[PDB]
Amino acid sequence: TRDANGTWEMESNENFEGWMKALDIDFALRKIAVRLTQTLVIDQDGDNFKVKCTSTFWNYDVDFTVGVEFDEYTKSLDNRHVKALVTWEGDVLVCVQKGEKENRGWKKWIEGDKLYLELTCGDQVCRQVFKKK
Ligand SMILES: *C/C=C(C)/C=C/C=C(C)/C=C/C1=C(C)CCCC1(C)C
């Protein structure tokens, strides 16, 4: 339940546009992002994670150590500085990103070869489901 290693292919993505709009992503870009197939690759070594979410010309990468606050600059997204922190709440991997936006972060629930990812910003939640390839 705590092993997120692998290559994960998207099965579903709900409220992606509402969450992107809460982050202030350009409206024109949102209409492109909605079309792009996403692949999520996670390398997890103890507390050390490398997360890479990739598409045709738009990627999001983040590396972190569980329990260690880090400065995150969302250079490929909304271009903001947040103080990010990833922790385990039971078997849920929880990220809080402290900064301008309220309720900003993400959570992963790993259920075998399924990964549920919820991205939050403001009053918006984006719900994604991936299957391990
Ligand atoms: C644990 C997994 C996480 C935190 C994955 C996060 C992925 C993203 C924030 C992806 C964002 C993207 C866009 C908003 C537009 C299109 C390109 C993406 C998929 C990289």
# chains A, B, ... in the order shown; residues from 1 in each chain; ligands from 1
>>> closest_atom_pairs(of="chain A", to="ligand 1", cutoff="8 Å", atoms="only C-alpha atoms and all ligand atoms", output="Markdown table")
| residue | atom | partner | partner_atom_place_in_ligand_line | distance |
| --- | --- | --- | --- | --- |
| A:16 | CA | ligand 1 | 14 (C) | 7.7 |
| A:20 | CA | ligand 1 | 14 (C) | 6.1 |
| A:25 | CA | ligand 1 | 14 (C) | 7.8 |
| A:30 | CA | ligand 1 | 15 (C) | 7.0 |
| A:32 | CA | ligand 1 | 16 (C) | 7.8 |
| A:33 | CA | ligand 1 | 16 (C) | 4.3 |
| A:34 | CA | ligand 1 | 16 (C) | 7.0 |
| A:36 | CA | ligand 1 | 16 (C) | 6.6 |
| A:37 | CA | ligand 1 | 19 (C) | 7.7 |
| A:38 | CA | ligand 1 | 19 (C) | 5.4 |
| A:39 | CA | ligand 1 | 19 (C) | 7.8 |
| A:40 | CA | ligand 1 | 5 (C) | 7.0 |
| A:42 | CA | ligand 1 | 1 (C) | 7.8 |
| A:51 | CA | ligand 1 | 2 (C) | 6.4 |
| A:52 | CA | ligand 1 | 5 (C) | 7.3 |
| A:53 | CA | ligand 1 | 20 (C) | 5.2 |
| A:54 | CA | ligand 1 | 20 (C) | 5.5 |
| A:55 | CA | ligand 1 | 17 (C) | 5.9 |
| A:57 | CA | ligand 1 | 17 (C) | 7.8 |
| A:58 | CA | ligand 1 | 17 (C) | 4.6 |
| A:59 | CA | ligand 1 | 20 (C) | 4.0 |
| A:60 | CA | ligand 1 | 20 (C) | 4.3 |
| A:61 | CA | ligand 1 | 6 (C) | 7.7 |
| A:62 | CA | ligand 1 | 4 (C) | 7.6 |
| A:76 | CA | ligand 1 | 20 (C) | 7.8 |
| A:77 | CA | ligand 1 | 14 (C) | 6.2 |
| A:106 | CA | ligand 1 | 4 (C) | 6.1 |
| A:107 | CA | ligand 1 | 1 (C) | 7.0 |
| A:108 | CA | ligand 1 | 1 (C) | 6.1 |
| A:117 | CA | ligand 1 | 1 (C) | 6.5 |
| A:119 | CA | ligand 1 | 4 (C) | 7.3 |
>>> write_last_selection(atoms="C-alpha atoms", output="mmCIF file, in the first residue's frame")
data_model
loop_
_atom_site.group_PDB
_atom_site.id
_atom_site.type_symbol
_atom_site.label_atom_id
_atom_site.label_comp_id
_atom_site.auth_asym_id
_atom_site.auth_seq_id
_atom_site.Cartn_x
_atom_site.Cartn_y
_atom_site.Cartn_z
ATOM 1 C CA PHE A 16 -8.662 18.820 -14.418
ATOM 2 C CA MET A 20 -5.899 24.220 -13.474
ATOM 3 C CA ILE A 25 -3.099 28.352 -15.735
ATOM 4 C CA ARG A 30 -5.698 24.518 -20.422
ATOM 5 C CA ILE A 32 -4.172 21.989 -24.865
ATOM 6 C CA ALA A 33 -3.356 20.270 -21.573
ATOM 7 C CA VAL A 34 -6.776 18.569 -21.534
ATOM 8 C CA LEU A 36 -2.426 15.437 -23.712
ATOM 9 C CA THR A 37 -1.822 11.862 -22.628
ATOM 10 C CA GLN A 38 -0.001 11.779 -19.275
ATOM 11 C CA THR A 39 2.517 9.219 -18.049
ATOM 12 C CA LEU A 40 3.526 9.225 -14.388
ATOM 13 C CA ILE A 42 7.723 7.287 -9.753
ATOM 14 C CA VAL A 51 8.258 11.928 -9.543
ATOM 15 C CA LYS A 52 8.055 12.662 -13.276
ATOM 16 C CA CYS A 53 4.758 13.340 -15.031
ATOM 17 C CA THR A 54 5.291 13.690 -18.768
ATOM 18 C CA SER A 55 3.379 14.557 -21.922
ATOM 19 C CA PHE A 57 5.722 19.096 -24.523
ATOM 20 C CA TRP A 58 4.659 19.678 -20.914
ATOM 21 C CA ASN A 59 6.250 17.933 -17.929
ATOM 22 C CA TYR A 60 6.055 18.260 -14.140
ATOM 23 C CA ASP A 61 8.952 16.892 -12.082
ATOM 24 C CA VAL A 62 9.499 16.949 -8.329
ATOM 25 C CA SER A 76 6.239 24.557 -15.609
ATOM 26 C CA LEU A 77 2.834 25.256 -14.026
ATOM 27 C CA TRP A 106 -1.857 16.514 -3.420
ATOM 28 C CA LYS A 107 -2.501 13.050 -2.025
ATOM 29 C CA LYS A 108 -1.741 9.563 -3.370
ATOM 30 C CA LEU A 117 -4.159 10.989 -7.111
ATOM 31 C CA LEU A 119 -4.673 17.460 -6.614
#
>>> residues_around(residues="residue A:111", least_positions_apart="6", cutoff="10 Å", atoms="only C-alpha atoms", output="PDB file with C-alpha atoms, in the first residue's frame")
ATOM      1  CA  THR A   1       0.000   0.000   0.000  1.00  0.00           C
ATOM      2  CA  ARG A   2       3.036   2.261   0.461  1.00  0.00           C
ATOM      3  CA  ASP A   3       4.945   1.250  -2.725  1.00  0.00           C
ATOM      4  CA  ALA A   4       4.421   3.822  -5.482  1.00  0.00           C
ATOM      5  CA  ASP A  91      -0.824   4.576   3.894  1.00  0.00           C
ATOM      6  CA  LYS A 131      -2.928   1.857 -13.512  1.00  0.00           C
TER       7      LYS A 131
END
>>> select_by_dssp(residues="chain A", states="strand (DSSP E)", output="PyMOL selection string")
chain A and resi 6-14+39-45+48-54+60-65+70-73+81-89+92-98+105-111+114-121+124-132
>>> closest_residue(among="A:89, A:69, A:11, A:17", to="residue A:116", atoms="only C-alpha atoms")
A:11
>>> select_by_dssp(residues="chain A", states="alpha helix (DSSP H)", output="PyMOL selection string")
chain A and resi 16-22+27-33
>>> write_last_selection(atoms="N, CA, C and O atoms", output="mmCIF file, in the first residue's frame")
data_model
loop_
_atom_site.group_PDB
_atom_site.id
_atom_site.type_symbol
_atom_site.label_atom_id
_atom_site.label_comp_id
_atom_site.auth_asym_id
_atom_site.auth_seq_id
_atom_site.Cartn_x
_atom_site.Cartn_y
_atom_site.Cartn_z
ATOM 1 N N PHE A 16 -9.996 18.313 -14.104
ATOM 2 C CA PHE A 16 -8.662 18.820 -14.418
ATOM 3 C C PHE A 16 -8.720 20.309 -14.726
ATOM 4 O O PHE A 16 -7.866 21.080 -14.277
ATOM 5 N N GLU A 17 -9.737 20.738 -15.475
ATOM 6 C CA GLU A 17 -9.811 22.142 -15.874
ATOM 7 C C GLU A 17 -10.127 23.045 -14.692
ATOM 8 O O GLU A 17 -9.588 24.150 -14.597
ATOM 9 N N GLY A 18 -11.005 22.609 -13.793
ATOM 10 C CA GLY A 18 -11.289 23.415 -12.619
ATOM 11 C C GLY A 18 -10.070 23.601 -11.740
ATOM 12 O O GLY A 18 -9.818 24.693 -11.227
ATOM 13 N N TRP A 19 -9.281 22.542 -11.568
ATOM 14 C CA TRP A 19 -8.079 22.648 -10.760
ATOM 15 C C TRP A 19 -7.032 23.528 -11.447
ATOM 16 O O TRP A 19 -6.418 24.385 -10.803
ATOM 17 N N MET A 20 -6.840 23.361 -12.760
ATOM 18 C CA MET A 20 -5.899 24.220 -13.474
ATOM 19 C C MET A 20 -6.310 25.687 -13.396
ATOM 20 O O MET A 20 -5.452 26.580 -13.293
ATOM 21 N N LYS A 21 -7.608 25.959 -13.496
ATOM 22 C CA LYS A 21 -8.078 27.335 -13.400
ATOM 23 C C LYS A 21 -7.827 27.911 -12.010
ATOM 24 O O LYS A 21 -7.441 29.081 -11.882
ATOM 25 N N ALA A 22 -8.000 27.100 -10.960
ATOM 26 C CA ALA A 22 -7.695 27.560 -9.609
ATOM 27 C C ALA A 22 -6.226 27.920 -9.457
ATOM 28 O O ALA A 22 -5.875 28.784 -8.644
ATOM 29 N N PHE A 27 -5.920 30.084 -19.910
ATOM 30 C CA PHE A 27 -7.069 29.398 -20.494
ATOM 31 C C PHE A 27 -6.704 28.704 -21.803
ATOM 32 O O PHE A 27 -7.120 27.565 -22.044
ATOM 33 N N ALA A 28 -5.946 29.379 -22.670
ATOM 34 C CA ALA A 28 -5.545 28.752 -23.925
ATOM 35 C C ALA A 28 -4.758 27.474 -23.670
ATOM 36 O O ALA A 28 -4.996 26.446 -24.318
ATOM 37 N N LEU A 29 -3.834 27.514 -22.708
ATOM 38 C CA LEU A 29 -3.013 26.347 -22.406
ATOM 39 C C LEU A 29 -3.848 25.219 -21.813
ATOM 40 O O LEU A 29 -3.578 24.040 -22.068
ATOM 41 N N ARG A 30 -4.858 25.555 -21.009
ATOM 42 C CA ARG A 30 -5.698 24.518 -20.422
ATOM 43 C C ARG A 30 -6.331 23.659 -21.498
ATOM 44 O O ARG A 30 -6.428 22.438 -21.348
ATOM 45 N N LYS A 31 -6.792 24.284 -22.585
ATOM 46 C CA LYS A 31 -7.448 23.527 -23.640
ATOM 47 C C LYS A 31 -6.477 22.593 -24.349
ATOM 48 O O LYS A 31 -6.902 21.568 -24.894
ATOM 49 N N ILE A 32 -5.182 22.914 -24.342
ATOM 50 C CA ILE A 32 -4.172 21.989 -24.865
ATOM 51 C C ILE A 32 -3.881 20.886 -23.856
ATOM 52 O O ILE A 32 -3.831 19.700 -24.198
ATOM 53 N N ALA A 33 -3.686 21.259 -22.590
ATOM 54 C CA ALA A 33 -3.356 20.270 -21.573
ATOM 55 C C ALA A 33 -4.421 19.183 -21.475
ATOM 56 O O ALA A 33 -4.099 18.014 -21.238
#
>>> atom_distance(atom1="atom CA of residue A:129", atom2="atom CA of residue A:12")
5.1 Å
>>> atom_distance(atom1="atom CA of residue A:47", atom2="atom CA of residue A:133")
23.0 Å
>>> closest_residue(among="A:97, A:5, A:13, A:65", to="residue A:43", atoms="only C-alpha atoms")
A:5
